[PDB]
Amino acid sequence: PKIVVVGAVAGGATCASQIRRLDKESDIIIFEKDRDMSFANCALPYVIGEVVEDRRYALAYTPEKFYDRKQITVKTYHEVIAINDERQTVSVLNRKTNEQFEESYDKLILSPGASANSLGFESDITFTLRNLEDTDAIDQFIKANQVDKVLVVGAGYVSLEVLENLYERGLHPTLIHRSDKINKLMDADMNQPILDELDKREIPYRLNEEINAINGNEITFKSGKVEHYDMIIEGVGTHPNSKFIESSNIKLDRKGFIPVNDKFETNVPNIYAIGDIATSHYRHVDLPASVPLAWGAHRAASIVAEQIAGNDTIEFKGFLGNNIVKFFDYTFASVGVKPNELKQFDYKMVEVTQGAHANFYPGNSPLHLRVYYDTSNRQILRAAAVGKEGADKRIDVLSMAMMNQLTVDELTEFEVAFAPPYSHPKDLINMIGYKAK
């Protein structure tokens, strides 16, 4: 079948590649509105920090290389502006020439992702971070203006990674956020180490703070404070790239995302949606779920490839919402329903704080593990872990437990790999099980 893909990055390029693995005959074309395909989204903060300096890590392919390797046509600077689903074409604007044209399809795969929100100020010193064009612009502005003082707005995982990287680059960032709800995927009372790490390094922060006005480099804040900054990086949320979809017969929810079934099919025949744009359900509970992260983009890409060119019995089983971020010496990871969703259940919480490994063993650090379970069936609803060591390990194990419908009580039976550098004869996970009841 002739396959058209919208968006040439985490969902879209991956999906096209997976289809080509299975099907060497079909024509495949990807439209991408911006300059680059296959940029490494998650690498971008580290490019800014000069931690990742090799351009070959910042993006995997140019369209020419992608074609030479996979015989997939990718048209960059081509923006899909409408889906004409009744005639099975999309309308595409060639942004170089400013001319539009129709492209026909047998199958259409939508992976347009999300765009960064803006505070809307008229400021030449303000930047958002979503792609490699943005990353290049920030790097160039830093060099062109000998940037020293940077204001980082927003305290989600992206902003936090950007702040750490600016600091490691030798710059002097200040963090602000409109509320005290930093790193919102993590339990609110488990995020203190973020603030501790800022304090330890004398990196200023102000919560419940906002930009009030901008006059050149002079920034006036909600608090009344007035400061001079060389640069501003705004991390104030994202919005779905779905305006171009609205006129079509594809069903969008009220927030602008596309609900899909377990085959990642939209309501319209022959049209799939994957990545940040798509909404589905949790695997472990009967609730809607949207998890705009790389795992889901890649898993959906594989499932859609099977649907189109492989084993079409392969279907999604839902999200668990596993997520993680590093901030300086600490790891913050969680899985399951969001804190705000716990209220839809009768639940209990159990927690343990213990060394990540043998107490007598050096380099030890306190790991805090928390587990919420449903009182009606003893099933695990949510888990969260924060510490310098071992948090990723405990959360991945719990993700696998939830995949298997394990009860909190069965955690006593988890057989951990124990030697002094790694865990305890009764691991934190076991202790959750013992402490439950």
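Numbering starts at 1 and runs along the sequence shown.
Participant: If you average the CA temperature factors as listed in the entry, which stretch comes out higher, 257-265 or 93-101?
Facilitator: Comparing 93-101 with 257-265, the higher average CA B-factor belongs to 93-101.
Participant: Output the stretch having the higher mean C-alpha B factor in the entry; the candidates are 268-276 and 340-348.
Facilitator: Comparing 268-276 with 340-348, the higher mean C-alpha B-factor belongs to 340-348.
Participant: Could you say which of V162, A82, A301, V226 has its CA atom at the highest B factor, as listed in the PDB entry?
Facilitator: Most elevated C-alpha B-factor of the set, per the entry: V226.
Participant: Which of these has the highest Cα B-factor in the record: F319, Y361, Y77, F244?
Facilitator: Spelled out: the listed residue with the top C-alpha B-factor is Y361.
Participant: Is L406 in the lowest, middle or highest third of its chain when residues are ranked by C-alpha B-factor?
Facilitator: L406: CA B-factor falls in the highest third of its chain.
Participant: Using only modelled residues of the chain, where does the Cα B factor of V51 rank: lowest third, middle third or highest third?
Facilitator: Top third by C-alpha B-factor.
Participant: Can you work out whether the C-alpha temperature factor of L185 puts it in the lowest, middle or highest third of the chain?
Facilitator: Middle third by C-alpha B-factor.
Participant: Where does the C-alpha B-factor of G120 rank in its chain, lowest, middle or highest third?
Facilitator: It belongs to the highest third of the chain when residues are ordered by C-alpha B-factor.
Participant: Thinking about Cα B factors across the chain, which third does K388 belong to?
Facilitator: Its C-alpha B-factor belongs to the middle third of this chain's values.
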